[PDB]
> 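Let me give you the structure first, and then I'll get to my questions.
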Amino acid sequence: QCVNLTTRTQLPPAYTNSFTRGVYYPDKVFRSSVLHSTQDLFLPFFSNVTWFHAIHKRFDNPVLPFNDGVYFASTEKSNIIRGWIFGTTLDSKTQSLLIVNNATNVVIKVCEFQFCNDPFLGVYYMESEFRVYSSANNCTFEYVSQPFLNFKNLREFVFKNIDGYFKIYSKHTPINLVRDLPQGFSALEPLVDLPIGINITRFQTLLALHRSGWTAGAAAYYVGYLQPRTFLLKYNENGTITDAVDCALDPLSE
Amino acid sequence: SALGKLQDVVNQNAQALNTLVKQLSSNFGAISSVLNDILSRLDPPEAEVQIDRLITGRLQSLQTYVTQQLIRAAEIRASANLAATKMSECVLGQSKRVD
Amino acid sequence: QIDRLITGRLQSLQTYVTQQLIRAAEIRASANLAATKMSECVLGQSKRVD
Amino acid sequence: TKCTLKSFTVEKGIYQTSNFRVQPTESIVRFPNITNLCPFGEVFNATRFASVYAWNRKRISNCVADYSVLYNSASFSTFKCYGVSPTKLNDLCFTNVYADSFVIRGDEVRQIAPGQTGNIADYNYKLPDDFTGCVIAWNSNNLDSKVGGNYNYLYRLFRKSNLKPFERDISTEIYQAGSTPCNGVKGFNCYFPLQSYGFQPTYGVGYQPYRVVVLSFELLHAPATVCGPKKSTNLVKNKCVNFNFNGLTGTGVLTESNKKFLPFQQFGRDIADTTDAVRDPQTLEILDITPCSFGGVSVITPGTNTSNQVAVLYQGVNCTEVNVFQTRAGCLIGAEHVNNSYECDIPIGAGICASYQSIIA
Amino acid sequence: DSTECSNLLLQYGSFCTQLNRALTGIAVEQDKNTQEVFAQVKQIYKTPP
Amino acid sequence: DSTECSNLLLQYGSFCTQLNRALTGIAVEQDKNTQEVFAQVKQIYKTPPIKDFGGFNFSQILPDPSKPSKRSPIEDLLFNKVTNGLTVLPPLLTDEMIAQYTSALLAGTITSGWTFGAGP
Ligand SMILES: *[C@@H]1O[C@H](CO)[C@@H](O[C@@H]2O[C@H](CO)[C@@H](O)[C@H](O)[C@H]2NC(C)=O)[C@H](O)[C@H]1NC(C)=O
Ligand SMILES: *[C@@H]1O[C@H](CO)[C@@H](O[C@@H]2O[C@H](CO)[C@@H](O)[C@H](O)[C@H]2NC(C)=O)[C@H](O)[C@H]1NC(C)=O
Ligand SMILES: *[C@@H]1O[C@H](CO)[C@@H](O)[C@H](O)[C@H]1NC(C)=O
Ligand SMILES: *[C@@H]1O[C@H](CO)[C@@H](O)[C@H](O)[C@H]1NC(C)=O
Ligand SMILES: *[C@@H]1O[C@H](CO)[C@@H](O)[C@H](O)[C@H]1NC(C)=O
Ligand SMILES: *[C@@H]1O[C@H](CO)[C@@H](O)[C@H](O)[C@H]1NC(C)=O
Ligand SMILES: *[C@@H]1O[C@H](CO)[C@@H](O)[C@H](O)[C@H]1NC(C)=O
Ligand SMILES: *[C@@H]1O[C@H](CO)[C@@H](O)[C@H](O)[C@H]1NC(C)=O
Ligand SMILES: *[C@@H]1O[C@H](CO)[C@@H](O)[C@H](O)[C@H]1NC(C)=O
């Protein structure tokens, strides 16, 4: 089942500053009271991060490129954002990745889904609406896990695909800022490593409608793109990354 | 920065040791920098070549480290000879030498 | 072939740096002597013979 | 010392002659705890099996597959593995496991093999020539045979062409052996493809029902995740052992650690990128990896003109890891420590000197 | 300007950093030598006319 | 610990012996340097218990009895202000003995002037 959403309001997507966000732990190695230089796919400091809104009538589900990796930030309250779609053609011709977080558990499936133009979930005012794909024929990987998830919650995720390995990094942050990304530093812990082994060039954000037509709950998300670069990370006495330096940002940090 | 001269020597020696230890992580053109990985992954005819590349790289690193250690030893020996001269002429007597 | 060129050029550069450091030590010794002569012969009268 | 100095006369002094290495004694191979077993109970211990034509295929992924339980069972008559040996199955790792289950006759078990021929291979279940996996068969006359005759198991007797490998044909279309069209009626020259095996308990061993499970192991370019369980040698602490923790190997002394790791972190590195801390996979505890003791071995002797007595200094080595005296320089064996202070004759280090009067330090 | 050569050169480690550091030390040492020899007075004295 | 690596390393000859000999020469040279600088007196001179030097105060350079290290306040400040087959050999002269040598030199130059450097 697929449903076209024809009540959207036309507005250009916004842009804002990344500040010092998007830093994740590059590996599973403990380091204490040290300064470590690492070359990896990172989000540049103070970069231009694309801003999308969900407000009522804005419902931002465009088609975005994946490139080398995607940083996904979410200023979220009341649990609208539910999952992601990864793939190349997003149809039954190629093989695509599904990540969903419904009311019970987190499901990851690698199948050839015939995706809808507007994939979505729904909450009735209980969850009783799911319209993401019309078919699933060849499934290779399934993984059921625990639930990952004024704006009160900040969700940071990093999705990378290197050597057939899908690295998902996550961080949950209590915030009380109304509109934009708070300025500060928070290192993203690694959440899961998935052996999907598929080509990914395009991705989709999955949202949830609120029904009482449809109404979009207040949410905002940010999409940034990873580039191969070097960071200098500072590890404290407790092994937590507390500060970072972008090696190619300005001559002082260089 | 009053005691920079001693701290410079301490920093140089520690930095030389850190560089010498760090040079083990380099493969020097071999498939890996770990000897066990080469010995467990390859047959001895090609593992001999890979181990030879690691040996020549590490030996070059060690010879380089010894060379700057000898040069720094000469510099420290000159400084120590000067210090012994100052101890003999300034502390154990009164020196007429200007400055 | 590039590896052979790299090892040859790296050996040449290391050799050049090695004699540069040795000559730097010699020039530093000569400069220390020159500073001693400036302090003791120009800024005062020296009783040291020759 | 004479060998090192290339002389038969040794002048009084201390001579560094050799090196000491605390040799490794045991091997500790700790990998993760055995959890998430693969659902082998729902394949082998199933209450009913499928026919050879509509053979059941179960795809087994993302779990731990213990194959030694199957190999060491006495309940299986055939455990013939093609393309791999059963001993290394419990070590190797595969991307997916295909468990095909069906029932055939006793005389038809030989046809479940690469390169064979017969009704089962041509029309019912075909194995490829390049097949990697195991064929497991056992007698099931107790379950699948009844006194009246069990007609629930069928086989495809005809088809125009032979099956491709790992093909399933569940079509019930009337086989045309002649030029005349069947038109859906099983008349002259037109027969029904699926025929039952009337399994009765009083049958011969070549006609009794045999449940066959074929496990197909393939390696694809994705990272292989269905790995056989590894074992865990009993952890030994405070000794120089060869440790292998989750594929990270080395040699060291594993002692208790006060470093509090974050839950996602497993290994620990210092400034010089050497592994000095590690987390045990079985029990979530932090262990410090101290490198095994290595030290210079120096010989302290007077002149050979005076005496042949010598003392041995192990530099930077504690005396419990080798007239034994502990110095800050290392462990000195063969010298009697005295409380008197004299001039330095043979320098040892850290304010310690040796002299001959026996050898005193 | 060869990228492949630089990629192969990265396999040898921090030799280039060592050579640059040694040359930088020599370069600052020359200036220190000139300061030690000539800059021994903090007053610029002049002769009478 | 690789036996094959050591067997291949033996083909290159006595490079390792040369490097060990050079490092040993440097290590003994450091001790010789410390002997040359600090051990210039064979008598350990001590200051009198009464510090009556005609108004001259040497408390900042004489050893402090309150400190276990027997260092001067200046020396204590100086010590506070300075912060795979590799081994570090300890120096032959420890810090307290070097401090004792400096204390002997200070006591000689305070109580005897330059006479102790040229004889009794
Ligand atoms: C929702 O809208 C999309 C976009 O118009 C529809 O996708 C189109 O489907 C028609 C089918 O006749 C194709 O010819 C178009 O090329 C499609 N366009 C795109 C951009 O994919 C989709 O079918 C609509 N959903 C439903 C249920 O009608
Ligand atoms: C010599 O100098 C020392 C240090 O300047 C004097 O010690 C000080 O004495 C006063 C008075 O007793 C104290 O308040 C200070 O705290 C002391 N300073 C230190 C660093 O201990 C000492 O009195 C002077 N005179 C003699 C004769 O020793
Ligand atoms: C971000 O990009 C938009 C256009 O893509 C541009 O108008 C805006 O100025 C950019 N922001 C910054 C801070 O460069
Ligand atoms: C969540 O998804 C899983 C997998 O599709 C499903 O089994 C479960 O019932 C779903 N829960 C809800 C509340 O929809
Ligand atoms: C994928 O599905 C299609 C249709 O279901 C099928 O024809 C094709 O063989 C399948 N491919 C794989 C690799 O399973
Ligand atoms: C992945 O897909 C993109 C576009 O579909 C293509 O350009 C690229 O070559 C593909 N890569 C692989 C490894 O298949
Ligand atoms: C590290 O943890 C300790 C408690 O174990 C805490 O007292 C200390 O403040 C922490 N340090 C930082 C920088 O958070
Ligand atoms: C299946 O049944 C047999 C006989 O009761 C039993 O020994 C075995 O443990 C069961 N499970 C498997 C996986 O074979
Ligand atoms: C591993 O299993 C042992 C029992 O064999 C148990 O005591 C221990 O708690 C387990 N550890 C983890 C991390 O599950």
Side-chain angles (χ1 to χ4, degrees), chain A residues 11-27 31 33-55 58 60 62-77 81 84 150-162 167-191 200-205 218-236 239-254:
Chain A
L11 192 68
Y15 301 88
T16 180
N17 219 26
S18 172
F19 291 116
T20 60
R21 306 212 84 83
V23 171
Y24 54 92
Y25 282 82
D27 50 339
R31 281 180 192 94
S33 316
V34 73
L35 275 79
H36 189 253
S37 183
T38 187
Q39 187 272 333
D40 207 359
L41 279 74
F42 282 118
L43 178 73
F45 280 174
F46 306 108
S47 69
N48 213 13
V49 56
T50 315
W51 187 2
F52 300 94
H53 293 82
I55 196 67
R58 293 295 296 163
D60 291 333
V63 181
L64 303 171
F66 190 77
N67 290 339
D68 291 339
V70 160
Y71 163 75
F72 194 87
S74 295
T75 53
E76 187 62 41
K77 53 152 182 167
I81 297 172
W84 301 264
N150 193 3
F151 292 141
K152 278 299 205 65
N153 278 6
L154 186 151
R155 274 85 170 93
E156 291 167 284
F157 291 88
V158 160
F159 304 110
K160 299 200 298 186
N161 189 358
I162 295 91
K167 272 79 68 178
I168 303 187
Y169 301 81
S170 187
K171 174 55 70 173
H172 279 296
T173 298
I175 59 169
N176 208 34
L177 200 147
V178 185
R179 292 183 188 172
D180 212 0
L181 279 171
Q183 186 177 13
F185 182 75
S186 289
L188 266 70
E189 295 161 45
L191 174 62
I200 291 163
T201 54
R202 288 160 64 194
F203 85 103
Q204 294 297 109
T205 300
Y221 65 92
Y222 308 86
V223 171
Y225 286 77
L226 305 180
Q227 281 142 50
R229 56 184 58 246
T230 313
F231 284 177
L232 173 67
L233 303 173
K234 160 174 303 163
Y235 292 79
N236 66 338
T240 302
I241 298 176
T242 58
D243 211 18
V245 156
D246 189 5
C247 183
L249 171 71
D250 44 347
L252 180 56
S253 307
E254 186 153 353

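Computation of the quantities below employed the complete heavy-atom set of this structure, encompassing side-chain atoms and omitting hydrogens, waters and symmetry-equivalent molecules. Chain letters run A, B, ... following the sequence lines, proteins first and then strands; every chain starts at 1.
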> Are A:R229 and A:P44 packed together at the side-chain level, in the sense that at least one heavy-atom pair is separated by less than 4.5 angstrom?
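The answer is yes; the side chains approach within 4.5 Å.
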> Nearest 0.5 Å, please: how far is CG in A:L249 from CZ in A:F231?
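Rounded to the nearest 0.5 Å, the CZ-CG separation comes out at 9.0 Å.
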> In Å, rounded to the nearest 0.5 Å, how long is the span from CZ of A:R31 to CG of A:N236?
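If we round to the nearest 0.5 Å, A:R31:CZ and A:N236:CG are 13.5 Å apart.
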> Is the number of heavy atoms from other residues, nucleotides or ligands under 6.0 Å of A:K234 NZ greater than 12?
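No.
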> Could you report the tightest heavy-atom contact between A:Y221 and A:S74, atom names first, then the distance?
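For A:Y221 and A:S74, the tightest heavy-atom pair comes out as CB-OG, 4.1 Å.
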> Atom CG in A:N161, atom OG1 in A:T201: separation rounded to 0.5 Å?
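Output value for this atom pair is 10.5 Å.
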> Give a yes-or-no answer on whether the side chains of A:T16 and A:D180 include a donor-acceptor pair shorter than 3.5 Å.
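Present: a donor and an acceptor within the cut-off.
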> Nearest heavy-atom pair of A:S253 and A:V245: which atoms, and what distance?
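Shortest heavy-atom separation between A:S253 and A:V245 comes out as O-CG1, 3.4 Å.
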> What distance do A:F203 atom CZ and A:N67 atom CG have between them, rounded to the nearest 0.5 Å?
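Nearest 0.5 Å value for the CZ-CG distance: 9.5 Å.
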> Between A:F42 and A:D246, is there a side-chain heavy-atom distance shorter than 4.5 Å?
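Contact flag for A:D246/A:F42 side chains = no.
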> Report yes if the side chains of A:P65 and A:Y225 come closer than 4.5 Å at any heavy-atom pair, otherwise no.
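Contact flag for A:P65/A:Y225 side chains = yes.
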> Going by heavy atoms in the side chains, are A:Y15 and A:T50 under 4.5 Å from each other?
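Counting from C-beta outward, A:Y15 and A:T50 do come under 4.5 Å.
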> Give a yes or no on whether the backbone of A:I162 and the side-chain of A:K167 come within a donor-acceptor separation of less than 3.5 Å.
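Present.
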> To check you understand the geometry: which heavy-atom pair defines the closest contact between A:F45 and A:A244, and what is its length?
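Scanning both residues, the minimum pair turns out to be CE1-O, 3.5 Å.
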> Just wondering, do A:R155 and A:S170 contact through their side chains at under 4.5 Å, heavy atoms?
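Answer no - side chains too far apart.
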> Any side-chain heavy atom of A:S18 sitting closer than 4.5 Å to one from A:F46?
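Contact flag for A:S18/A:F46 side chains = no.
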> Within the distance-only criterion (no hydrogens, no angle test), does the side chain of A:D60 pair as donor or acceptor with the backbone N or O of A:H53 below 3.5 angstrom?
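Present.
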> Quick one: does A:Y235's side chain get under 4.5 Å of A:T240's, heavy atoms only?
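No, every pair of side-chain atoms sits at 4.5 Å or beyond.
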> Take A:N176 and A:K152 through the test side-chain contact (heavy atoms from CB on, under 4.5 Å) and record every step on the way to the result.
CA-CA 5 Å; A:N176 208 34; A:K152 278 299 205 65; 3.4 Å; yes
> Might you point out which heavy atoms bring A:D40 and A:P26 nearest each other, and give the distance in Å?
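What the structure gives for the nearest pair is OD2-CB, 4.0 Å.
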> Which pair of non-hydrogen atoms, one from A:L154 and one from A:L181, has the smallest distance, and what is that distance?
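Smallest heavy-atom distance, with atoms named: CD1-CD2, 4.5 Å.
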> Judged by modelled atom types alone, do A:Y24 and A:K160 share a side-chain donor-acceptor pair under 3.5 Å?
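Yes.
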> Mind telling me whether A:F72 and A:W84 have parallel, tilted or perpendicular rings, with 30° and 60° as the class edges?
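A:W84 and A:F72: perpendicular rings.
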> So, using salt bridge (charged side-chain N to carboxylate O under 4.0 Å, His left out) as the criterion, who are the partners of A:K171 when residues are at least two apart?
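Result, salt bridge (charged side-chain N to carboxylate O under 4.0 Å, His left out) vs A:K171: A:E189.
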> Any side-chain to backbone donor/acceptor pair from A:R58 onto A:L11? Under 3.5 Å, distance only.
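A pair under 3.5 Å: yes.
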> Output, in order, the C-alpha distance, side-chain angles, deciding distance and verdict of side-chain contact (heavy atoms from CB on, under 4.5 Å) for A:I241 and A:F185.
CA-CA 9 Å; A:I241 298 176; A:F185 182 75; 3.6 Å; yes
> What is the minimum heavy-atom distance between A:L226 and A:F159, and which atoms define it?
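It is CD1-O, 4.4 Å.
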> Considering only heavy atoms from C-beta outward, does the side chain of A:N153 approach that of A:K77 to under 4.5 Å?
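Answer no - side chains too far apart.
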> Has A:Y71 got a side-chain atom pairing as donor or acceptor with A:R21's backbone, closer than 3.5 angstrom?
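No: the side chain of A:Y71 does not pair with the backbone of A:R21.
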> Give a yes or no answer on whether the side chain of A:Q227 reaches the backbone of A:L41 with a donor-acceptor pair at less than 3.5 Å.
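Flag not set: sc A:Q227 to bb A:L41 has no pair under 3.5 Å.
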> Could you walk me through whether A:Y222 and A:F52 pass side-chain contact (heavy atoms from CB on, under 4.5 Å), step by step?
CA-CA 6 Å; A:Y222 308 86; A:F52 300 94; over 6 Å; no
